[PDB]
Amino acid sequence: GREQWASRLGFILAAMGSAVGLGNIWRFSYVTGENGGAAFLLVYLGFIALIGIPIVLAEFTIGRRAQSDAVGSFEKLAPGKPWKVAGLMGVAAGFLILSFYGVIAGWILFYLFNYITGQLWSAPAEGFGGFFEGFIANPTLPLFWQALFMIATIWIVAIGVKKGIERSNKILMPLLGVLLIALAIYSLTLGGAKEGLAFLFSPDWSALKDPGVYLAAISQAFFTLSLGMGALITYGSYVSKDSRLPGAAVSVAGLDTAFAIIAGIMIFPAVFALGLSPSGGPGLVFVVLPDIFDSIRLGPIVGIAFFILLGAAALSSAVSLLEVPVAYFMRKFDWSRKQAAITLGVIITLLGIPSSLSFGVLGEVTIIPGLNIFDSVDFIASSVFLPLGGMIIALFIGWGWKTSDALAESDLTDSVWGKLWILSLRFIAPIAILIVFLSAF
């Protein structure tokens, strides 16, 4: 008795709701800032076109054909073949990513609370920077808001696909977009527009000499597209043949890129106007945006609206993150949805506590040489499991399927686009991920 999307637009809006989240604003900004900007952006955009869209369609095709979880899709379509490692890696990536994703979303709820209680209407005495560092260094305060955000995530996933995940408000994502556009226009009028736009669109190829820039670009591309972990396999597994998968993949990647680019047009001209370093780090948007809201007269209102709509997008993205282990645990151990959502959601919440403490008392600890627990967990998930999982997924359709089956199940003919998509999965995307891997070591 597997669930299905009740409405016709349920699938595409859920995929869009999974893609558009904290990766478009919070992560895109601080990764672009510390990687040089425009040159990193063009590689990132190229990764979205030639690798992201094909592998997104790949995950859709696997999910709808198999009607199973991320791991079960490989067992059903290729029994006893080693392709199921991608789903296994993807389930574990759901644990690691959601562990720290709920921490950052806990920052969102905390800032929303401070605007609703009138705390951040004016600049605190310690400054918008010192206020942010004092809150993340506090050992217990972020955990309370992290747990609060996880309770919402657990609640939606436990309610179900039809009654929970699908029942997301269809105005919040367009309202987030309209506000980002309105905010991007305003930051262009703050004085740092020339150097901010040059940093974002005028590329310096000297940064591309580093192989690590390519690894950050492929990681952000996979991360922002909810790609390489079976998250799109799971949402595709609730779709009937009613849908057209090609247009869904292009619309998902096209909308996700628009959110990211406009976020950069909002953030970076504001960074230069404030004279701050764009390589500030994970708290970049949390220091820049409240300082931009403070310059507006109706600033507190924009801040309340911004963090509500951003938290709403973070909620729908964390739901798809939790859905991957929930669906896998329901099939494998015959767990109910409620027990899988509660038990796995509690475990993931505790897993993220050490990464939350990395910003404070555990700042000295390393796991991956030179990286704290937060950066170590983000690195193995975003830079290792997602690109490798996406590489295996591309090779699965490219070399483990019949060509006619790959095109027919993906709603494509043997046309120029059908051949371009098969070429990407067989060669272009896997070799690109492979070359990015090898050069980074």
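Between two forms, the rigid core is defined as the largest C-alpha subset superposing within 1.5 Å. Throughout, we count residues from 1 along the sequence that is shown.
(request) Superpose on the core, then say which of 408-416 and 395-403 ends up with the larger RMS Cα offset from this form in 5 other deposited structures of this protein. (result) After superposing on the rigid core, the more displaced stretch in 5 other deposited structures of this protein is 408-416.
(message) For a rigid core alignment of each structure in 5 other deposited structures of this protein onto the shown form, which stretch has the higher root mean square Cα deviation: 238-246 or 337-345?
(response) Once the core is superposed, the stretch further away in 5 other deposited structures of this protein is 238-246.
(request) Would you determine, from the values in the PDB entry, which of 214-222 and 330-338 has the greater average C-alpha temperature factor? (result) 330-338 has the higher mean C-alpha B-factor.
(message) I need to verify one thing: averaged over C-alpha atoms only, is the B-factor higher for 38-46 or for 400-408?
(response) The stretch with the larger mean CA B-factor is 400-408.
(request) Using the entry's values, work out which of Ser317, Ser356, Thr117, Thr153 has the largest Cα B factor. (result) Of the candidates given, the C-alpha B-factor peaks at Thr117.
(message) Comparing recorded Cα B-factors across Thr234, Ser99, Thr257, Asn169, which one is largest?
(response) Among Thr234, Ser99, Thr257, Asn169, the highest C-alpha B-factor in the entry belongs to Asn169.
(request) Determine, from the deposited record, the chain-internal third of the Cα B-factor for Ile393: lowest, middle or highest. (result) It falls in the middle third of the chain.
(request) Within this chain's modelled residues, let me know which third the CA B factor of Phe286 belongs to: lowest, middle or highest. (result) Bottom third by C-alpha B-factor.
(message) Which third, lowest, middle or highest, does the C-alpha temperature factor of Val71 belong to within its own chain?
(response) It falls in the top third of the chain.
(message) What third of the chain does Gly280 rank in for C-alpha temperature factor, lowest, middle or highest?
(response) For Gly280, the deposited C-alpha B-factor lands in the highest third.
(request) Could you say whether, by C-alpha temperature factor, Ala429 belongs to the lowest, middle or highest third of its chain? (result) As the PDB entry reports it, the C-alpha B-factor of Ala429 lands in the middle third of its chain.
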